[PDB]
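Residue-level listing of the chains:
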Amino acid sequence: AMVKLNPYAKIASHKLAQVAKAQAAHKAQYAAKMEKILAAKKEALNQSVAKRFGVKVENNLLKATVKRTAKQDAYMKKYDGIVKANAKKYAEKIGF
Amino acid sequence: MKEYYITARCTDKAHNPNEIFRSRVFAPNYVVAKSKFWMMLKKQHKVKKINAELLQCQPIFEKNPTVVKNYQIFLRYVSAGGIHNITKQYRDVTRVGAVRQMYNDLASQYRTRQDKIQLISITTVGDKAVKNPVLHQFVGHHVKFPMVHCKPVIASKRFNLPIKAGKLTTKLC
Amino acid sequence: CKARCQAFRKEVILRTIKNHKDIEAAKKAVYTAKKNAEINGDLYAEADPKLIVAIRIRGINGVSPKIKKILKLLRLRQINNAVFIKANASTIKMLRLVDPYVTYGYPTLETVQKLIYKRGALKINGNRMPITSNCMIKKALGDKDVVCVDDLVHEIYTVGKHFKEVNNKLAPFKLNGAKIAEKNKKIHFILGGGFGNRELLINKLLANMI
Amino acid sequence: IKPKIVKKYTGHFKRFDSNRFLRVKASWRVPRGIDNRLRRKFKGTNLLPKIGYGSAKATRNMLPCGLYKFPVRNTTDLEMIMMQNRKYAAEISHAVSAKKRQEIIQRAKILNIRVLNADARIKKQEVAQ
Amino acid sequence: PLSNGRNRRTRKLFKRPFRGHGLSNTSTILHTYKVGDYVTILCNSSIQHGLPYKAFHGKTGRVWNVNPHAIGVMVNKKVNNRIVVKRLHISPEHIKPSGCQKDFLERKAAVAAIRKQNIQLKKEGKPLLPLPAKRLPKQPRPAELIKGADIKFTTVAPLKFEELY
Amino acid sequence: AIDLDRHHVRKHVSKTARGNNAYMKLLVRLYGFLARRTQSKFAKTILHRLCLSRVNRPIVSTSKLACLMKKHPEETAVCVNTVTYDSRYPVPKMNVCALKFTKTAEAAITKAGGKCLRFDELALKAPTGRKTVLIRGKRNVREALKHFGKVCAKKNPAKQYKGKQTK
RNA sequence: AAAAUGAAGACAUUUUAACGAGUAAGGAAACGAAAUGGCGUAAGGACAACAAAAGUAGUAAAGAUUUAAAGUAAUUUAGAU
RNA sequence: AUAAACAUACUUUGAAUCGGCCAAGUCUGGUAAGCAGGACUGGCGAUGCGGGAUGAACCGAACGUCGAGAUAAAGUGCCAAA
RNA sequence: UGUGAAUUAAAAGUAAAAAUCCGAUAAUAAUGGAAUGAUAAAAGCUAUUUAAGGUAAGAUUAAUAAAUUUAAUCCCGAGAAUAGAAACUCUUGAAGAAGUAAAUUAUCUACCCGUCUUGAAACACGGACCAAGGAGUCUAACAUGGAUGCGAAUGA
């Protein structure tokens, strides 16, 4: 009955099939990345727990897992500055 | 209880359309927040809804809902006799969390329903600024007490049997 | 013979693309303005709602004569009946007068779609026929340039030129029962009650009622 | 082939107060009393005939066997329902003698028409025969 | 329980306006009334001759006949469950021109002025102007943007109660 | 329940010939079929008028037929009622279709050269109505209408049913 | 209520939609698409096996007592004595 | 602006009725009254159903015969469904 | 000397995993049922063709970016044309099935009918029980209205 009333349903259903399938792939590959990011974090923890052994600890024990370009790395810093300003500009608005 | 940030402006002959009224209103939902907001305008600036435009009505969320803070709510309420101003302190982790305590406490000690209380302001006071006789006993760093007469806890309603077997015991816990 | 059915089918498709373009393009423009206002530090005042959906909450017994007449002019003649109402100074005052007997608010597009698709009907030859095809809609509202149910939805949601003629053909919807209020339907929704203007929260009530 | 005959109320609509007085028979009469318990539809006593109890039009006046009733007084009466023997059923009248009943029963078997009084006014052939 | 006199209960209805006693204007007797006009019956207690009945005070009627000293007025009266037509003859001292159609007569002239230019535009071949839009109830206001440089903020909170004594 | 203005009652329009007259019932069937199939307003008008009661079907005389048909020479008057004869004035030549013709009225039309059709012959010749002139008689000329109302009225008094000592 | 069909089917036609509380009171008969539909008592005029023996009845009438069936009901129908 | 074609306007003939009672973000006489009398509306009378233990008027809601589902007033220790 | 609300640097991070809270919502879906039905082909669904389309979001890369920004080539692809398929099981019953009736029991439910009355189950009246009889009829004048005949006539 939906098709008879709304012939456009077949077109929209196909796109919803695409979106559900595509968003499932995107979720799978992000969980694969976050699995490695947590993997680096865990090793950076056991290594630097040696503060128990014996005491300042090292500064860069977390290792990069994604290889990106220099133009993106500069943009990553620029975006970070934006969110700090936005969080500060918003907070003062409700600060009265 | 949720906190909202509401703004509006008045566009008529009496009011210039370049002065914005802001507020921080604690209401169960955003429809009540506007209802409280409009009353404060009409009862304080002769601004009516039919001659005003609302601009923003956004929820306000706690920045750190993991830090224990001492609050101080300044409020006025109406009794049988007259109208009074009260300042009650509360310990909680959210601004909305403490306000629900105030509403529930006022309706119990003073028997005052919610439609008699106007929350003037709410701030955060120091550890030594607390004056409530009961609440002052838990602000120190070395608080300690044994919870006696503990009722044994049930994991869920699944094991809640009407009749049990054997004897029943409390817990020194 | 029936080669016009394919011609009818494609035309409904073409209008549907046009209808969805209008709703999506207008929605996009709001977001861009809000985005740019934040960048420039301006203030953006959203446009007032144009469409109102009202539901009759109280029964037919013990109603004042003036309140009784208004509920008949809004076609809310039965408890649990929903209609669409154009928003202006004239209708807003009328809804305030009958506030204890109605609850209303501003519907979303999905609410309008589900109401028309599930509980929709038309008054044809004095008969309340439920919507079963676009040919029954083409016959009913052909001269109003509404030929498909999607065209019916778009005209209602955007409040187009022929809203009054289109709205008057739609019979008032008959909804199921649902938890009306927190306290009871004897107080305003602002006091935790059941009646009055629910703003955008009428969609939650309609969700359990459709 | 035979449809499902559904009766909305299989009981009897007995006149009010007929169970307490012998002068008040059980044939139904609508109570017109200004203070009557039944006519005001009190809880417990609110059972009155209505058009809503009417059975389905398709399966109305239909005997449990699936056919209708067609009284007959002689053999020539049977000839009116010989084209509709799948629809009607002969029912010999109560005053028809035993000699005439045999002729109707004998002929109705020839015309394949069911008779609902097939064992009516039969002779004493029940003991010692 | 009142008496059934003709002019009962008129201590305030028939009183003259404060500092409005004495003779009336000269416009009242110089105003020209034509048939079909809209008038308002306003009993002038200063003139007791031919005073209209107190039930017609404030009613709006229509002129139906012009007599040498009196102006015929036709109003509507409400009876048990119907409405009847009342035809009165009232001297100009007790009636007043009605402004009930003042707003309507403005729209009639605006349209007529536009229609007068259209016959000129159609004559010269230019496209013709449209008639003025119809009146509508106050519509929902559209989306508006407020500049962020000329804006001041006033904080609103519940006010601490102060004794009025 | 539902809050209506009023409850559905039988509509006060007749849709069949009143009485048991077999021929008038046949005419209703004939024009009920014609109105439904041809979908012509004329057959709807004849069908509606055939179902009026006798008091609502007033007579038309030859004098009124003569005057109404004066500027319609090649035309057929169609009156759903009895046609009486006005002996005071002459009867011209005309073709008239009517439910009934008085003995004196039919002979006056026939002698003058006209034709007195019935309502089946008209449906045979002009079913949708093409050379017809619809005619109905006066209703307010009844003597009953004089006495309706209150005779004490100031504007339009009634006519005072006579009885004991009616001076 | 509106559409469709219509000399005879039949269930007082088919379809769709809305409707259905009620004291006093009203809705006489007839009216094919019927301007409400019916049950019961008695009496009068006709009809009742169509091929010249034409409704039932001493092969058991009316009445009475009960058992079952049909009808929303008023009531009707049949079995047994 | 909104609603309205089983809309609207009626015409004729006629029945019954004119002892009324109740509620209230109402009033007058009275110390007051389940007292007496009024303005506007809604009810009871003419009205059953779910709730207030019970109740002409209160609250929800007005009734063809039924099946299933969300609900209303209001409830959720037992009587008593939660 | 220790804790530390908050803030700050560096590493990591294209800023969608999972869990809880807080907001937001409820509907598309999947799996089990319930009430009333239906059984046959589809404007079904599936396979093959070309190709309107995919407006953050079908994918990737590029320029750059607080973007529902702009391109490129891959994928899927609605319409339409061509080919596709549903006919079943087990139990019980003339040793009495399904239904129905009567009697009894159990849960729920049920105040005396008629009448005057604002209001009666009423501590208001009539009524012990049964049968038969029992109350808007006839005559005369007028009017309205539905069917009927005739019509400046109608009746006689």
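Thresholds applied
- Residues numbered from 1 in each chain as written, not as in the entry; some residues may be left out.
- Chains lettered and ligands numbered in written order.
- Part of a larger assembly, values for the part shown.
- Heavy atoms only, no water.
- Residues with missing side-chain atoms left out of burial classes, pairs and counts.
- Contact = heavy atoms within 4.5 Å.
- Buried area = accessible area lost by both parts, 1.4 Å probe.
- Salt bridge = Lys/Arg side-chain N within 4 Å of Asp/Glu carboxyl O.
- Helix = DSSP H or I, 4+ residues; strand = E, 2+ residues; numbered from the N terminus.
- Nonpolar A, V, L, I, M, F, W, Y, C, P; charged D, E, K, R; others polar.
- Pairing = 2+ DSSP bridges.
- Near = heavy atom within 4 Å.
- Polar contact = N/O pair within 3.5 Å; in protein donor to acceptor, adjacent residues only side chain to side chain.
- Axes fitted to C-alpha atoms, helices over the stretch in contact; angles between N-to-C directions.
- Buried < 20%, exposed > 50% of the residue type's maximum accessible area, 1.4 Å probe, protein only.
- Core = buried A, V, L, I, M, F, W, Y, C linked by side-chain atoms within 4.5 Å.
- 1 Å grid on protein atoms, 1.4 Å probe; cavity = no way out; pocket = protein on both sides within 12 Å on 5 of 7 lines; lining within 4 Å.
- Points joined across faces, edges and corners; volume = space filled by probe spheres on them.
- Patch = residues over 30% accessible without salt bridge, like charges linked within 9 Å, V, L, I, M, F, W, Y side chains within 5 Å.
- Areas by Shrake-Rupley, 256 points an atom, 1.4 Å probe, with all protein chains shown as cover.
- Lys, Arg positive; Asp, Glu negative; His and termini not counted.
- Charge placed at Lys NZ, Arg CZ, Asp CG, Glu CD.
- Parallel < 35°, antiparallel > 145°, perpendicular 65-115°, else oblique.
- Left-handed = near helix turned anticlockwise from the far one by under 90°.

This entry, as listed in the PDB, derives from cryo-EM and reports a resolution of 3 Å.

### Topic: the interface of chain E and chain B
On the chain B side, the residues contacting the 16 residues of chain E number 21 residues. Across the interface of chain E and chain B, roughly 1900 Å² is buried in total on both sides, 57% from carbon and sulfur atoms. Interface area lost by chain E to chain B is led by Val 156, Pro 158 and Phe 161 of chain E, which between them contribute 33%. Taken together, the links from chain E to chain B amount to 1 salt bridge. When the shortest N-O distance is used, the salt bridge between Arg 9 of chain B and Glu 144 of chain E registers 3.2 Å. Of all the secondary-structure elements, those providing two or more residues to the side of chain E that touches chain B are β6 (144-146) and β7 (152-155) of chain E. Counting residues per element, the side of chain E that touches chain B draws most heavily on β7 of chain E, at 4 residues. Split by residue class, the side of chain E that touches chain B holds 8 nonpolar, 2 polar and 6 charged. Direction of pairing for strand β2 (residues 19-27) of chain B relative to β7 of chain E: parallel, over a ladder of 4 bridges. In the sheet register, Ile 20 of chain B faces β7 of chain E, and the bridge partner there is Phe 153 of chain E.

### Some remarks on the arrangement of the chains
Of all 7 pairs of chains in contact, the one with the most contacts involves chains B and E. Spatially, chain C and chain D are disjoint, and the shortest separation between their C-alpha atoms is 20 Å.

### Details of the protein's contact with RNA strand G
As a matter of local geometry, RNA strand G sits amid 61 residues, with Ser 97, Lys 100 and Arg 121 of chain D together with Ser 14 and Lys 25 of chain F nearest to it. In the interface set of RNA strand G, defined as its atoms within 4 Å of the protein, sugar plus phosphate atoms amount to 73%. At a separation of 3.1 Å, a sugar or linking oxygen of RNA strand G approaches a polar backbone atom of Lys 99 of chain D. One of the side-chain nitrogen or oxygen atoms of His 7 of chain F is found 2.9 Å away from a phosphate oxygen of RNA strand G. Of all elements in the fold, only β6 (127-130) of chain C, α1 (75-78), β2 (90-92) and α2 (98-110) of chain D together with α1 (22-38) of chain F reach the threshold of two or more residues within the surface near RNA strand G.

### A short note on the sheet that holds strand β5 (residues 83-92) of chain B
Residues and elements named next belong to chain B. One open sheet accounts for 3 strands, arranged β5-β4-β6; its pairing is antiparallel. Because the sheet does not close on itself, it has two edges, and the strands there are β5 and β6 (117-125). Pairwise comparison of adjacent strand axes, ignoring direction, gives a mean angle of 20 degrees for this sheet. Most of the contacts of helix α2 (residues 95-109) go to β5, to which it runs at about 130 degrees, and overall it touches β4 (69-78), β5 and β6.

### Here's the deal with the environment of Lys 169 of chain C
Residue and element names in this part refer to chain C. The residue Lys 169 is located in helix α7 (residues 163-169) in this model. With a relative accessible area of 27%, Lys 169 lands in the partly exposed category. Apart from the residues lying within four places of it in its own chain, the contact partners of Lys 169 are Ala 121, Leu 122, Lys 123, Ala 140 and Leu 141.

### What about the nonpolar core?
Of all hydrophobic cores here, the largest spans 34 residues; its most connected members are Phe 84, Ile 116 and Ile 156 of chain C. Of all the secondary structure elements, the ones that give two or more residues to this core are β2 (51-56), β3 (81-86), α4 (109-119), α5 (134-140), α6 (149-158), α7 and α8 (202-209) of chain C. If sequence neighbours within four positions are ignored, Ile 156 of chain C has contacts with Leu 51, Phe 84, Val 112, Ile 116, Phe 163, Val 166, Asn 167 and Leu 170 of chain C. In terms of nonpolar packing, the next biggest core, distinct from the first, is built from 21 residues, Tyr 30, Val 31, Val 32 and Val 47 of chain B among them.

### Thoughts on empty space enclosed by the protein
All names here are of chain C. In this structure, the largest cavity encloses a volume near 40 Å³. Around the largest cavity, the lining residues are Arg 75, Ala 82, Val 83, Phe 84, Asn 167, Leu 170, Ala 171, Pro 172 and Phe 173. Top element by residues in the lining of the largest cavity is β3. It accounts for 3 residues. A per-class count over the lining of the largest cavity returns 7 nonpolar, 1 polar and 1 charged.

### Observations concerning a positive patch on the surface
Together, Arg 37, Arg 39, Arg 40, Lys 41 and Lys 50 of chain D make up a region of like positive charge exposed at the surface. For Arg 40 of chain D, the position within the fold is in the segment before β1 (70-72).

### With respect to the pairing of strand β4 (residues 83-90) of chain E
All names here are of chain E. Of the pairings in the sheet, the one linking strand β3 (residues 71-78) to β4 comprises 8 bridges and is antiparallel in character. Within β4, the position partnered with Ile 71 by the bridge is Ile 90. Where β3 hands over to β4, the hairpin turn is made up of 4 residues, counted between the paired strands.

### Considering the protein's contact with RNA strand H
Among the 41 residues in the neighbourhood of RNA strand H, the closest are listed as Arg 58 and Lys 185 of chain C, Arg 39 and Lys 41 of chain D together with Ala 1 of chain F. The sugar-phosphate portion of RNA strand H accounts for 83% of its atoms within 4 Å of the protein, the bases making up the rest. Class assignment for the residues of the surface near RNA strand H results in 14 nonpolar, 10 polar and 17 charged.

### Here we look at the packing of helix α1 (residues 4-40) of chain C against α6 of chain C
All names here are of chain C. The contact between α1 and α6 brings their axes to 10 Å, and the two run at 20 degrees. The orientation of α1 relative to α6 falls into the category roughly parallel. In this structure, α1 meets α6 at a crossing whose hand is left-handed. Of the residues in α6, those in contact with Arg 15, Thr 16, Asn 19, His 20, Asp 22 and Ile 23 of α1 are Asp 150, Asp 151, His 154, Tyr 157 and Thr 158. Residue classes in the contact of α1 with α6 are distributed as 2 nonpolar, 5 polar and 4 charged.

### Points about the layout of surface pockets
Considered as a void within the structure, the second largest pocket measures approximately 750 Å³ in volume. In terms of lining residues, the second largest pocket is bounded by 24 residues, among which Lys 93 of chain A, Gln 56 of chain B together with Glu 38, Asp 42 and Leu 43 of chain C are the most central. Of all elements in the fold, only α3 (70-95) of chain A, β1 (2-10) and β3 (52-60) of chain B together with α1 and β1 (43-45) of chain C reach the threshold of two or more residues within the lining of the second largest pocket. At 6 residues, the largest contribution of residues to the lining of the second largest pocket is made by α3 of chain A. Tallied by class, residues from the lining of the second largest pocket come to 10 nonpolar, 6 polar and 8 charged.

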